[PDB]
Amino acid sequence: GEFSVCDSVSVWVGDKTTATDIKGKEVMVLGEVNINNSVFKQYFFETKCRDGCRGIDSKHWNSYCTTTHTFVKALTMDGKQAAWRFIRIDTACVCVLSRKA
Amino acid sequence: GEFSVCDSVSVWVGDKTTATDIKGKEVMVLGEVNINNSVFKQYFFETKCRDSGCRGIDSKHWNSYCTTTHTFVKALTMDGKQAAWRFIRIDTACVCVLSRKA
Amino acid sequence: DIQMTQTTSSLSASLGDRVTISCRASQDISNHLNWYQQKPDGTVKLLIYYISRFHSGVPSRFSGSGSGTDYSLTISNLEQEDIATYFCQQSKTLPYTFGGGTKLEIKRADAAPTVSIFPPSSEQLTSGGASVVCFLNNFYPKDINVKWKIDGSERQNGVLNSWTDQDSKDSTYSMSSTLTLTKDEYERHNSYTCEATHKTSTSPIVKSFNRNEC
Amino acid sequence: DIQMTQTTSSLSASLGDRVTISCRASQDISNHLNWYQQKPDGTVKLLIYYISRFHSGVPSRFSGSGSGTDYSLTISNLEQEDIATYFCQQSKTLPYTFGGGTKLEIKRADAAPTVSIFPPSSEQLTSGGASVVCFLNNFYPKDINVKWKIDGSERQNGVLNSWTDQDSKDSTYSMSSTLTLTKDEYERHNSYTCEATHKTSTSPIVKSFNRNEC
Amino acid sequence: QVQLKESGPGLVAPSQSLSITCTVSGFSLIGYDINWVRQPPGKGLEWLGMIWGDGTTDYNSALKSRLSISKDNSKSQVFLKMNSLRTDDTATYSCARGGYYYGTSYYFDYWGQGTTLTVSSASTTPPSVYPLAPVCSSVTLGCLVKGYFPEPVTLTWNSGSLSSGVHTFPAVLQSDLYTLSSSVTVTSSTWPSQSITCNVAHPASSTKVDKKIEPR
Amino acid sequence: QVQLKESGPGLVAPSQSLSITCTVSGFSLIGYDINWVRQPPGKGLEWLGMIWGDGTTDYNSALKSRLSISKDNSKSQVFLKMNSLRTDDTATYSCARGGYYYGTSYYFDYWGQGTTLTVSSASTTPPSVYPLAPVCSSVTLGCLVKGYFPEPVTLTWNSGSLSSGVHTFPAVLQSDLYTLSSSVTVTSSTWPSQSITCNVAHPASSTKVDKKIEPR
């Protein structure tokens with residue numbers, strides 16, 4: 001059969017209040033979005049690590065599992081100005097290598 | 001220093017015309033979105049694999065290969081004749097998957 | 001909808017054998033295929049998802065493959081705890097559908113049944129009924145025949161039998177037969193006999209009692 | 001803004017040595033830190049991103065670390081091709097900022113310069129000017145002194161010198177000195193001398209020519 | 001540290017409504033889809049519908065809009081509701097958590113036990129319970145549980161403690177009433193010296209009876 | 001197969017506008033950010049702004065809204081525009097592609113060569129080019145390039161083929177005019193028997209001169 005090299009976990013995230021946008025700024029994410037008289041609860045699909053990596057040649061390589069991110073558009077607030085901004089959310093768990101000594 | 005186990009590549013995607021939504025249905029993705037008299041071009045941040053398995057794998061006890069995994073992101077779409085805000089599958093990562101030999 | 005089909009819904013194997021449960025989708029589902037195990041205790045557990053991936057806490061001996069619209073679950077080195085029903089599910093598109101399942105009997109050595117017979121309780125006779133019960137416990141294989149007698153004469157009507165599912169620990173079967181009568185009919189006769197015939201003997205195992213002998 | 005600082009903007013090492021280029025952010029940038037190499041040919045190349053990650057096609061001997069707001073690039077086993085300027089960049093937040101860079105000289109054995117002197121071209125005299133040029137080529141180290149003479153008398157004014165950047169192949173320096181005069185002044189004198197003094201000798205290397213001797 | 005438990009009426013007559021609640025623990029409903037599933041006696045599983053993490057729903061079109069799911073995230077409960085029941089809705093109903101391996105694949109990682117539901121015009125009848133003492137090594141005793149409706153009954157011996165060598169036979173249905181037997185094998189010194197009792201629960205009638213087995 | 005090339009005027013007077021275009025190849029502008037960067041002579045790099053993949057922009061506030069970036073995806077070109085230039089805008093300007101390692105970090109993976117821009121009131125002056133023949137093993141020859149503006153000039157020998165032992169010295173500025181020298185070291189059997197020529201390009205005046213080096 002087939003295994004992950006790094007154990008991941010995916011969930012819906014419906015209680016996001018803050019985030020950092022693609023320009024590096026800390027912004028406030030609204031709970032509700034409004035697209036043409038249509039009220040949607042603002043939800044995010046995120047994946048991250050489950051707390052080196054499985055199946056690594058540990059004789060020649062140090063390693064560990066790490067959470068990587070994606071940018072997804074979201075309704076936000078940079079102080080007083082509401083806007084459609086890309087923000088950083090968890091999207092994956094991937095292994096990263098390191099040569100010893 | 002530090003290396004990827006599987007080589008990924010990230011781009012913006014601005015010419016998406018189709019996609020499959022979270023309910024398994026093939027839908028049409030619009031080029032432009034309208035949120036409160038504000039016209040944004042519909043863009044997507046995607047990551048996938050860069051084409052003898054994964055780097056740094058103990059190949060004596062493990063078969064392996066690099067694979068593109070996905071995420072769901074909200075998008076303005078068209079299920080036939082009805083426009084709606086749907087979650088769709090886009091590329092989001094490259095990850096290694098193992099397999100025991102024999 | 002997408003139909004999921006398991007053409008063989010019954011399967012019988014021995015300890016150590018390798019068994020294949022198959023599954024067929026009516027349209028292409030690509031890799032969106034999960035495998036579940038429903039034990040007789042009622043509980044359901046995810047074994048394999050995405051054709052071949054393992055859910056945490058699942059034995060090495062399970063294995064998932066697939067060609068086209070055809071999908072197999074393979075259990076190598078069959079162990080006693082694998083008595084269960086195995087079913088597939090496509091997660092490609094709504095509505096999600098499941099195969100009808102494949103039930104797994106694990107073979108064992110032949111075992112004759114322990115037979116016990118019981119007259120009606122005194123409580124039941126006060127009510128107006130009179131059921132005579134015969135347990136045939138812990139036998140293999142599952143096929144078995146129970147004949148009733150009243151005063152050496154065969155009695156076919158009023159007989160309701162019932163079979164347990166295969167025991168998960170010892171792989172045996174059990175079965176109760178019940179001869180129901182009215183109080184009046186039961187008091188008109190003396191000898192009541194339960195007679196079990198099984199592959200383990202050409203002669204049937206006979207248990208009996210007499211009503212007025214007590 | 002976030003200031004990126006490289007406090008030592010000049011560094012000199014020998015082949016095989018391990019060198020550390022350092023960088024300091026004025027606020028926490030966490031791991032959003034990139035390292036670039038600008039060779040003297042003008043080209044710029046990404047070496048390392050996210051503190052320690054390698055861009056494809058980058059030597060093993062480069063290495064990235066960091067503590068707090070401090071970040072280092074380490075080049076082990078220094079090779080001849082590493083003559084370049086090394087600069088950092090924070091990619092945390094806009095506006096993106098860069099450190100002022102750290103230029104790397106690679107040491108070599110001392111080398112006296114090849115000196116050659118040239119009178120004004122016939123073309124230039126027709127115009128009204130008269131430049132006398134002296135090249136001092138392929139020397140090390142970089143410090144050097146050029147004195148001019150007209151008829152055995154020192155001439156300080158009208159002298160413009162120019163220095164190349166260190167040669168990437170052989171690690172030497174080169175330098176042109178130019179004595180500019182009016183045509184009239186040049187025709188009133190005969191002997192013109194360029195005199196180079198260098199660490200490689202206490203006696204200066206002298207090159208000369210006479211105007212009317214041709 | 002993750003379970004789902006379904007609780008429901010057990011019996012409802014044709015044309016009346018159905019309410020089942022799935023009580024969830026070890027995780028939050030804000031984060032996870034909940035699916036409803038159904039297994040008619042001696043038949044395959046059937047997906048009824050789901051409530052996604054964000055509160056949205058999807059149903060099997062076969063149900064003709066008769067089914068609806070809602071949830072209260074704070075109370076950790078999901079609510080199945082079905083109108084205009086038929087005998088075709090006779091099944092065991094289970095809830096199951098949805099789990100994702102990235103957005104690449106989807107599955108049901110945790111399942112509730114299941115609540116049995118019978119749809120019928122017949123009335124709740126409690127069981128009569130009778131002892132089965134042997135006739136005039138190891139000895140076999142018994143418990144006849146006659147004339148109840150609907151299923152199920154649960155049967156234990158000495159309140160669970162006597163677990164080995166127990167056989168509770170599936171019920172048989174004759175004339176709208178269920179009859180079931182159970183056996184236990186204990187040691188001949190163990191009986192009748194120490195008492196052996198038969199416990200029989202029948203949730204639908206809320207009856208609970210104990211019957212000691214006494215010799216003749 | 002990934003490059004960026006910047007083309008620009010070379011000279012503009014104070015208060016006039018500036019247009020540079022970045023011509024891109026080996027990739028599509030639909031998919032990648034493009035950044036603009038600036039290095040004044042003998043000073044550190046400075047980020048000017050960027051046009052994201054989706055066409056939106058962000059600029060360095062220090063520029064006081066004087067800068068703007070626009071793009072044409074079909075033509076593979078990015079356009080820098082700057083109004084109200086000052087001598088402070090004297091720099092080499094380069095475009096660079098943005099690259100992402102997931103949404104986790106960000107960098108400039110590919111860099112253009114750079115176009116030199118001088119902001120000044122002075123006028124374009126073409127260079128006079130003079131040969132440097134030796135006095136009355138290996139022989140050293142030369143090329144004086146006097147009195148031009150602005151920078152740069154490029155200098156090759158035998159149209160590039162004579163590349164070894166070439167030293168082109170950085171220009172020196174005296175009285176609003178640049179003067180530069182170049183040397184080449186070749187074999188005695190190569191010169192004077194075979195001809196040696198000095199090629200001097202000056203893009204700003206669109207002049208190109210060749211000067212053969214002849215003995216006295």
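### Points about the sheet that holds strand β3 (residues 19-25) of chain C
All names here are of chain C.
- A sheet is described by the order of its strands in space; here 4 strands give the open sequence β1-β3-β8-β7, paired in antiparallel fashion. Every other strand in the sheet has two partners, leaving β1 (4-5) and β7 (62-67) as the edge strands with one partner each.
- The sheet contact formed by β1 and β3 spans 2 bridges and is antiparallel. Bridged to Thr5 within β3 is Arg24.

### Some thoughts on the state of the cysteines
- Overall, the coordinates contain 16 disulfides over all chains when judged by the stated rule.
- Paired by a disulfide, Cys6 of chain A and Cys65 of chain A hold their sulfur atoms 2.1 Å apart. One quick way to see it: the torsion about the S-S bond of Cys6 of chain A and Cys65 of chain A is about -85°, and its sign makes the bridge left-handed.
- For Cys65 of chain A, a relative accessible area of 32% corresponds to the partly exposed category.
- Here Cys22 of chain F is linked by a disulfide to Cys95 of chain F, with a sulfur-sulfur distance of 2.1 Å. When the S-S torsion is 65°, as for the bridge of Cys22 of chain F with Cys95 of chain F, the disulfide is right-handed.

### Points about the UniProt feature "disulfide bond" in chain B
All names here are of chain B.
- Of the disulfides catalogued by UniProt, the one between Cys6 and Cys66 is formed in the present coordinates, where the sulfur separation is 2.0 Å.
- Judged by relative accessible area, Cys6 falls into the buried class, the value being 7%.
- By relative accessible area, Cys66 is classed as partly exposed at 29%.
- UniProt pairs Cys54 with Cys96 in a disulfide, and the coordinates agree: the sulfur atoms lie 2.0 Å from each other. Of this pair, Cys54 sits in the loop between β7 (44-49) and β8 (63-79) while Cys96 sits in strand β9 (residues 82-99), and the two are 42 residues apart along the sequence. Across the pair, exposure class does not vary: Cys54 and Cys96 are buried alike.

### Comments concerning the interface of chain D and chain B
- On the chain B side, the residues contacting the 4 residues of chain D number 4 residues.
- For the pair chain D and chain B, the summed buried surface comes to about 430 Å²; carbon and sulfur atoms form 49% of the total.
- Contact with chain B buries surface across chain D, with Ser52, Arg53 and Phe54 of chain D losing the most and accounting together for 80% of the total.
- Notably, a salt bridge pairs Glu2 of chain B with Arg53 of chain D, separated by 2.8 Å at the nearest N-O pair.
- On inspection of chain D and its partner chain B, the count reaches 3 residue pairs in polar contact.

### Overview of the domain arrangement of chain C
All names here are of chain C.
- Each domain of chain C was delimited in the assignment, giving domain 1 (1-107) and domain 2 (108-211).
- Each of domain 1 and domain 2 has a C-alpha centre, and the two are 37 Å apart.
- Every contact between the two is made by 6 residues of domain 1 and, on the other side, 10 residues of domain 2.
- When domain 1 packs against domain 2, the two sides together hide about 680 Å² of surface, and 40% of this comes from carbon and sulfur.
- If you sort the residues of domain 1 by the area they bury against domain 2, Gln80, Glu105 and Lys107 come out on top, with a joint share of 60%.
- Taken together, the connections running from domain 1 to domain 2 amount to 0 salt bridges.
- Here domain 1 and domain 2 share 5 residue pairs in polar contact between them.
- Per-class residue counts for the side of domain 1 that touches domain 2 are 3 nonpolar, 1 polar and 2 charged.

### Details of the interface of chain D and chain F
- Contacts between chain D and chain F engage 46 residues on the former and 43 residues on the latter.
- Between chain D and chain F, a total of about 3700 Å² is buried, with carbon and sulfur atoms accounting for 66% of that surface.
- Seen at the junction of chain D and chain F, the total is 1 salt bridge.
- The residue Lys211 of chain F makes a salt bridge to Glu123 of chain D at a minimum N-O spacing of 3.9 Å.
- Joining chain D to chain F, the criterion identifies 9 residue pairs in polar contact.

### As for the pattern of salt bridges
- Tallying each qualifying case throughout the model produces 40 salt bridges over all chains.
- Of the charged contacts in the structure, one is a salt bridge between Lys142 of chain D and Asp143 of chain D, with a shortest N-O distance of 4.0 Å.
- Here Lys212 of chain E ties to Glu214 of chain E by a salt bridge, and the two come within 3.4 Å at their closest N and O atoms.
- Several salt bridges share partner residues, and in doing so they unite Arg61, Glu79, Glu81 and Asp82 of chain C into one network.

Cut-off values and rules
Residues numbered from 1 in each chain as written, not as in the entry; some residues may be left out. Chains lettered and ligands numbered in written order. Heavy atoms only, no water. Pairing = 2+ DSSP bridges. Helix = DSSP H or I, 4+ residues; strand = E, 2+ residues; numbered from the N terminus. Disulfide = S-S within 2.5 Å. Buried < 20%, exposed > 50% of the residue type's maximum accessible area, 1.4 Å probe, protein only. UniProt positions renumbered as here; feature names shortened; annotations may be inferred. Contact = heavy atoms within 4.5 Å. Buried area = accessible area lost by both parts, 1.4 Å probe. Salt bridge = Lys/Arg side-chain N within 4 Å of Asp/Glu carboxyl O. Polar contact = N/O pair within 3.5 Å; in protein donor to acceptor, adjacent residues only side chain to side chain. Domains from an automatic or database assignment. Nonpolar A, V, L, I, M, F, W, Y, C, P; charged D, E, K, R; others polar.

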